[PDB]
Amino acid sequence: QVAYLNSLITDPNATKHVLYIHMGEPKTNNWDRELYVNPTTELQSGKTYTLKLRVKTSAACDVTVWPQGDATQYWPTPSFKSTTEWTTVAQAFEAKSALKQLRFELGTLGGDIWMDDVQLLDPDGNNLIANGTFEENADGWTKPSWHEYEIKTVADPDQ
Ligand SMILES: [Ca+2]
């Protein structure tokens with residue numbers, strides 16, 4: 001009872017938690033620093049999916065996202081933009097094949113990136129992101145083992 005009642009309390013100034021990557025200096029290629037998440041249902045060819053999230057970076061940038069199955073989808077994608085203040089993102093794209101992974105291409109970026117409230121909605125509205133709130137951890141978010149950075153969750157920096 002007590003746990004449930006606590007969970008229902010709205011409180012905008014309670015500590016929020018977000019995904020945080022300290023990227024450091026820019027690398028040479030897009031693919032030199034990648035962050036991965038897998039939709040809980042494989043994306044289907046011909047269906048349009050909408051990536052929603054809020055994002056903040058230490059410098060204004062484009063954030064490239066390539067969906068991936070047996071082939072990579074370079075266009076159209078849910079790639080988006082970030083600024084130094086939290087902004088909301090909503091980007092739709094039609095899958096052109098069966099896609100099982102979203103690749104965040106962070107290689108050419110420098111500094112810091114924070115993300116939160118990540119959703120991926122199929123045409124009916126089903127959310128295919130298992131862990132988009134980061135209030136416990138960043139389970140489900142991975143990287144190549146040889147990419148030397150840490151995937152963390154932290155208190156929202158702008159609170
Ligand atoms: Ca959160």
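No lab work stands behind these numbers, since they all come straight from the coordinates. Because the Cβ atoms are built from the backbone with ideal geometry, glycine has one as well, and the counts that use them run over all protein chains shown.
Listed here are the strands (runs of 3 or more DSSP E) enclosed by region 1-107 that have at least 2 residues being within 16 Å of the ligand (Cβ to nearest atom) and surrounded by 14 or more Cβ atoms within 10 Å (Cβ to Cβ): 17-24, 48-57, 87-94. The residue pairs whose first member lies in region 129-158 and is free of Cβ contacts under 8 Å to residues at least 12 places away in the same chain, whose second member is assigned to a strand (DSSP E or B), and whose beta carbons are closer than 7 Å, counting only pairs six or more residues apart or on different chains, do not exist in this structure. Among the numbered conditions (1) loosely packed, with under 13 Cβ neighbours inside 10 Å; (2) away from the ligand (no atom under 14 Å from the Cβ); (3) under 24 Å from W31 (Cβ atoms), the only one that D124 does not meet is (3).
Whenever a residue of region 72-98 is free of Cβ contacts under 8 Å to residues at least 12 places away in the same chain, its partners that are part of a loop (DSSP other than H, G, I, E, B), lying with C-beta atoms within less than 9 angstrom and at least six residues away or across chains, give the pairs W75/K96.
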